[PDB]
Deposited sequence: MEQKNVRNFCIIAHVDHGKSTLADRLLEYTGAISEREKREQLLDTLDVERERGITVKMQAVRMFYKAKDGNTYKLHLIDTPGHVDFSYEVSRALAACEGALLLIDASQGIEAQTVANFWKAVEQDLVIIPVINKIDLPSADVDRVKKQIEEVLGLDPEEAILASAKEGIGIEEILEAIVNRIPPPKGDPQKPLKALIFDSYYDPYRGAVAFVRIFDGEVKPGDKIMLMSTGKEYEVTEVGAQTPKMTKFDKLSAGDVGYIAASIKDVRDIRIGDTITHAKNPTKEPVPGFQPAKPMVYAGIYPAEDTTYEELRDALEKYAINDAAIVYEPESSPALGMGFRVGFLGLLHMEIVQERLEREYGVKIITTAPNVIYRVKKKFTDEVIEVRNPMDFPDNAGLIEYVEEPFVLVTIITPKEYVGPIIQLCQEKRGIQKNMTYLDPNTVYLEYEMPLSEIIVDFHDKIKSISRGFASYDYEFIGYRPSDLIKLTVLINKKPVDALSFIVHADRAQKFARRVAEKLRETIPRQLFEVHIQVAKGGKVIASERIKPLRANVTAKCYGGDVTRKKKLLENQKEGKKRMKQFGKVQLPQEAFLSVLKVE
């Protein structure tokens, strides 16, 4: 098995990604699935070593998607025959292009009555600028497209380039914690070779380890004698935790190190925070214990203890985004059976106060200065939002983005009935209810994606929530001055419905620097 007969690819799709991977394995052969090695004898008679790299889909894991892409030579771009191209589809397309990958468009679900292949092919040509003729048609239920897919991989994706004799240079594109093998890194070997007993080094840290095991999923985790230039597999080396083998980092040899690391390394970057407190019977200790265990399998999550006068003790947890938050929540409740209450999420604000030289990073609203007079300026993160929707919903969506302080930067037609929109919007407005709103007004037909584009100064203020003339720190939030009144009313009306009834009247107030701007009351229990 030579390196010229190796094919490194990944599947990119929101649109039946997992299914395809299964069909691919069954056809060839018959811990999360990753770095799968398959053997395939093509029509040309030769047998090929194929490596399938699993990639995440959501924008929250954008950096991780890019690192996985940088480990491949090609990608199967899955597009649903009915939906056609979506915002994620376009975003992922460009990231693949960005990593010089050969893109193989795969239109699946061709069987559905709603399917419209000709339309999708048209989009592939006009929007992606690819050859509609090179698109592959697939259908799980009918069982077609696999051989054609495998053949396209062999014939269209170039083999890996790298020298097995040069110093080791392996890119880490994923990882997980193994209770027996320790923290395991899923890697792509560009140069050199690695084998058990080797003394390796992590280039971003300079930390060294002794390899204990190497291999790949076949689909079971199988140990190999080594991994060489072009290979995709895993490496174990008595590594204490997944934060020591950060995605995007380069693994080389301690004594004979490669010249430069793979470019593009970036540490995990939390973007959305929320307070998490124990609920029902769950105690603080149990929540903390749960977070510690979970964290062992999540290299991106951060958290620290915090307290509220009403909620008690909890944690200010930082996530990569809303899905990541959702994933953590469900796993804490499911895996560890803990009951938790989560505050409204918030972004990281940068505040410049009068008597403090350095700008302060606020990840907890209650840490935002109470004294507005002391604030010289506040900046918040903005993102570029791309949206794809049927023409019928364009107006309602535009109005929505506009209400959320969005600035339109572009509008284009992806076909006579499909519109593409680009909007610069504050991330703070996006994490409130944008997702459910855009989905309801589009009947689930509109899609969107976004990219961080930097911080910008804004007229932001802190609002406090008082329950019975006395405030509750955990409910304080940051809002744009112009949206204050509206957010205040919404938050108040929400609490009037949220909290139950008591023997006494429950007065809810939302104050802006001392003055009340929203009031709501819950009459006595009766």
property	result
Deposited-sequence stretches lacking C-alpha coordinates, listed in sequence order	15-16, 33-55, 552-600
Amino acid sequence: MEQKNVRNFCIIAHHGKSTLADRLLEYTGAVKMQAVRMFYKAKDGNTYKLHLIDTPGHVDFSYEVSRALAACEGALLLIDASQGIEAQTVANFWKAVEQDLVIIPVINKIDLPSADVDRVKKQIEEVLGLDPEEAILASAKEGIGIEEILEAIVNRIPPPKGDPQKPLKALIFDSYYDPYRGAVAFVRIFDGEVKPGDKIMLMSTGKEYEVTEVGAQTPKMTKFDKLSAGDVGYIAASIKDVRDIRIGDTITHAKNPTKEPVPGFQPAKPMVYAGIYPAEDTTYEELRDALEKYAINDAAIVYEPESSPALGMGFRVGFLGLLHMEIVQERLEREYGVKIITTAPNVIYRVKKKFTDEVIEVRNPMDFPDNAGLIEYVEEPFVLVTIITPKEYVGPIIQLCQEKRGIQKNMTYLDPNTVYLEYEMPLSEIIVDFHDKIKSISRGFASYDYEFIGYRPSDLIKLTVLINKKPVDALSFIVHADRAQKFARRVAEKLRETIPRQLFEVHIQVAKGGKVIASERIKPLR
From here on, numbers count along this sequence of modelled residues.
query: 134-142 or 212-220, whichever carries the higher mean Cα B-factor; finding: 134-142
query: Residue stretch of maximal mean CA temperature factor, 184-192 vs 222-230; finding: 222-230
query: Highest-ranked of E292, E326, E260, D281 once sorted by CA temperature factor in the record; finding: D281
query: From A299, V419, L311, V90, residue of greatest CA B-factor; finding: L311
query: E125 by Cα B-factor - lowest, middle or highest third of the modelled chain; finding: highest
query: B-factor third for the C-alpha atom of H253 within its chain; finding: lowest
query: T47 - Cα temperature factor, lowest/middle/highest third of chain; finding: highest
query: B-factor third for the C-alpha atom of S82 within its chain; finding: highest
query: B-factor third for the C-alpha atom of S114 within its chain; finding: highest
